[PDB]
Structure formats: C-alpha cells, structure tokens
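Take a look at this one chain, the form deposited in one PDB entry, written out in structure tokens.
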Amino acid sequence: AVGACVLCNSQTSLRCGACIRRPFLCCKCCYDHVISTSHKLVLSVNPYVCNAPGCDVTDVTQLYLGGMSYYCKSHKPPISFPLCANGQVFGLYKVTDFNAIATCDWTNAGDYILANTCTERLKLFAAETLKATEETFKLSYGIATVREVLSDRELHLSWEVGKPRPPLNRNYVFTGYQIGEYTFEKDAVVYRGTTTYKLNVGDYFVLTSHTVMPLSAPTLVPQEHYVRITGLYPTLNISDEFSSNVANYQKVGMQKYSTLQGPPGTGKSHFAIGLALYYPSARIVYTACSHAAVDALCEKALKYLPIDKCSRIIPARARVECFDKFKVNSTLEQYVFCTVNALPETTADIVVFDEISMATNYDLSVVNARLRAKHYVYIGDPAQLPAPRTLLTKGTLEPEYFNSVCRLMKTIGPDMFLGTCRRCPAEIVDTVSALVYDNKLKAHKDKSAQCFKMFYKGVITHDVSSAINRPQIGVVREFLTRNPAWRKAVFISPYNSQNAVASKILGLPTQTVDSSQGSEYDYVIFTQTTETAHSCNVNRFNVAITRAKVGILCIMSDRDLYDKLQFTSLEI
C-alpha cells in the first residue's frame, strides 16, 4: 500500500480507488485528480471513508482527519482537518491527460491519441487501463450452447438471451467447456477447434478473458547513441546477399534501439536474418505479436542460419500449429523465435521486434520487461495494419498513434527505410508509393501488364454487420472463365462474410486483408465489397494490393481509390 506516484514519482500511501488499476498518486497529484473527475474514493493502508458507524461518505472532498481516523462533515470532531485542502490530500511524505486516461471508456480515437502523445509512465497507465477495460468488456457478451453437431466442421449454436452475440470471425477466439480454444465462421456455422474433440451437445463456449498484469518497463527504453559499435563483433567477410544492409547493420550497433520502415517486399526478414550473419557471435531473440510473424522469421532463419543454434519457443497452452523444423523450447539457443506473450526472462545482444505496426504499447512494454538486450531493433511499416482495438468504435486511429515506435517513425522518421519493393509489379509499387510512402518506394519489377481494376459497386448485403457483395463475386466468376491463369489466385476482401461466399462460388483460397498481411501470392483477386471507412482505409488498401507478385484484379466500390490504382481498367 506504499508505492511511487504514477505521474511525478513522489512516494505516497494514496491510490485512486476509482481508477480500475488503482495507481499510486502523490498528495499534490491525488487532489488534482479527485477535484476534476468523478473519482472521489482515495485508498491508503485503510480507505478514506467516514469511520463513524453506518455512515457511507467515501468522497475524499467531504472528509476530515479527527485524530488518527477519518470522518465526514456530519461526524468530524471539533479539532479536525479537511482531507482536501491547499491542492493536497492528506497522505504520508506530504495531470489533465492522466484524468482523461483514467475516466475514458476507450471507444473514441482521441483516447488512443492521448495514450500515445502523453508521458512514458502515463503510456503504461493508459496501456494497463485499456487492456483491463478490453478484458472486463469481454464478460459482457452471451454464452453459446451447442444445439446439434452436423459434421467435423459444422454445428448449430444456441445464444444466451439478454447479452449481445459477439462477432464470429477469426479475431474472436472462444474457450470450450475445459476442451481447448475454438473459433467460428458463418444457420450453417463452421467450428474450428484448436484441440480436436468430437463437439459435445450441451457443451458451451466463452471468450477467453486473461488477467491484465501490471507494466514496469517503458514502451521504449531511453535512446543511447554510441561512437563505436557496442557489445557486437562484425564479420569482414559478409556474404554479398546482405551487402545492401551493412551501413544499417553498423547503425543498429551504434544505438540502443533502431526503427526500420520496410514497405511490403523490401527485405525486412532478409534484414532481420542478415543481422545475425553480420554479428555472427551475437545472441538474438526474434519476437512479434503473432505466431505467423515469428514462423516467417523462422522460415528465413532456416535458409541462412545454422539449425542447431535456433529454438522456436511454444507456450504450453498451444493455440495454433507453428514452426516445427527447430528445437522446441530451448530458451538457451543463440537464436530464439518466440511470440511476445510467451517470451522467457532472458538477456540478448540483439532483440529484433518484427511486424511493429501490429504491436500495442502493452506489447512494447512486456518486451522491455522480458528481454534485457544491448540493442533493440523495431521492424515494420506504419503504412500497414495496426492491432484491432475491439473497444474503438468512433474515429480512425492514424498510424502515428499505433504505438510509440510508429509515432517515432511518423514524426522524426524511421532510422532506416527499405526503399525498393522486389515483390510487386510496378503498377502496384507506383500506386502505394504515391498513396502512403510519399513517392519514396521504388519498383524493382517491371509493370506486369497483369494488374486490372474494375469500378463495380454491385449490391451490399450484410451477415449481421459483416458485408457481402454477390455481384462483385459474379464479376470475378465472369473474369475467371476468360483468364484461366488466375485459377490459382487468392481471393481477398475486407470482410469474412464476403470471403465465405467467394469460397463457395469461386473455389479460390480466401484471405481477409488483415490476415493476408505478411503473405504473398502470384495472383490476387480483391473485391472492396463496400464503400465503408474499414474498406477505404489506405493502410488496409496498401496491404491488400501489395500481396501480389505477378497480377491483381481489383473490383472497387470507392471512386477515389479506384482512380488512384495505376492499373489497366476492364469493362462490364
């Protein structure tokens, strides 16, 4: 009950009992909170409540110290001091932004802006509070009791009346009952059980709510610049494949942390693995939020690094399949590949944090808390997709508010920019270069003459709120008959429900833009589906079209994004 004040450090006994995290506030700061917010409960060893029997006055502004004990105006003895005077609340050892963070519901963009423009200790407060609020929100949805099982990938669900029915995408992971995590896709619903088990009739699912631990470490450790490469030993024989990245690899060694902005297909994983071959003694921990991000860094490591010094760390609560070709759960290997959530407490010469646009400030903190490293390298692209903010429903979260790393990349610029896309036909590179990279992204590849756009608004139907455009799928079906090379194309849309319909009618493999991020396919068919803020998001659009190595067909709903596409237009 005796801690440091989460604004100005000053020691105190005073926590806010009305904040859901119960931060230590100093007397000067605890006042400025309780006199400007609905927050009136102050905690110490014993709470600031009237000590008089059967009295329910808990508001610190209405209370006094009568000797050793606390009382209201109705109960205080004659010789009694008010708890709230001279800009202080009586405690031992005797903020606008803090107030907004403490009282916001996290449904407004402006909440996330503030949680990223504030001081560093407030960003940790912001991050615990948000994650806490995100988790206490999960409780608010209804249970799904199984009515009838049909097959091994279809069942019928009965939903708890009174409480809302949560969105049934790959984003919302359920816990069955204890029969391992489960997911759902659209009364013909598809059940994807992480642990295989013949789905019991009467068994029920609930959204996994995990206790939010406190944050000690900053999002970003303070920035150190060195005159010499510190604690790392470069090779002089450095394989020509990685010669582009030498001057950036020497930057990495002459700073505490470095930011790398790599637009799609610019050699981010090449750089991350190229760092181990340049500092070949250095112990490196490769981390990202998702199993797919970590498994891609593993694929690159298998090609260029010795397999006996590589370990893939897997949490005992195995939620998906992931990389098998390394030794599993050897914490002590030179090369450690691990999702942020499963990190051990370790030291490292270098930590590489990949897919940084998907990182929350919570994630940035946990990494500084689990990994103690000479150098931190932050790899991703603020022009790509952020982690979904399930509470945010009002306003759009701009890239500079994604996390502290993206804020740095969008303000002072990144330390290192991979400026040549080697994946995408020039038509795609030229479009996204103008759209999100201020014309600084260059095409290696020639124009493919296999990049098509069609403006076709079609008809928008909705499965709950997820959008479908059958006519846009119909246009694709027509195109495929005349373009058999596209038979092998991945179908991409901003909506699962669209993808579900496109699966049945086209037979193509299916990916949402968000789940496509980090992957590449020869041919891509993209139906925008709707003209919403979701489907017009320039970051989502950027990712959607940069998945393609050879060709893309974009059926567009939005005039602006249609006109910007530097593609041959089709008719019909």
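Just count from 1 along the sequence shown to find any residue number.
In what follows, reference is made to the form deposited with a small molecule bound, a form of this protein that is not presented.
Inset, instruction - Decide whether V252 counts as a contact residue for the small molecule in the bound PDB entry under a heavy atom distance cut-off of 4.5 Å. - result: Answer no; every heavy atom of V252 is more than 4.5 Å from the small molecule in the bound PDB entry.
Inset, instruction - Classify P399 as contacting or not contacting the small molecule in the bound PDB entry by the rule of any non-hydrogen atom within 4.5 angstroms, answering yes or no. - result: No, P399 sits far enough from the small molecule in the bound PDB entry that none of its heavy atoms falls within 4.5 Å.
Inset, instruction - Consider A109 of the chain shown here, and say whether it contacts the small molecule in the bound PDB entry, taking contact as heavy atoms within 4.5 Å. - result: The answer is no: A109 has no heavy atom within 4.5 Å of the small molecule.
Inset, instruction - Indicate whether the small molecule has at least one heavy atom within 4.5 Å of a heavy atom of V149 in the bound PDB entry. - result: Taking the distances in the bound PDB entry, the answer for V149 is no, it never comes within 4.5 Å of the small molecule.
Inset, instruction - Only one of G458, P218, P166, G193 comes within 4.5 Å of the small molecule in the bound PDB entry by heavy atoms, so just point that one out. - result: Of the listed residues, the single hit is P218.
Inset, instruction - Sort through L124, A301, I284, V377 and report the residue having a heavy atom within 4.5 Å of the small molecule in the bound PDB entry. - result: The residue from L124, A301, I284, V377 that makes the contact is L124.
Inset, instruction - Given that the partner is absent here, state which listed stretch (110-118, 150-158, 210-218, 193-201) has heavy atoms within 4.5 Å of the small molecule in the bound PDB entry. - result: Of the stretches listed, the one contacting the partner is 210-218.
Inset, instruction - Single out the hinge among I101, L371, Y523, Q517, thinking of the two rigid parts turning against each other between the shown form and the other one. - result: Of all listed residues, the hinge one is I101.
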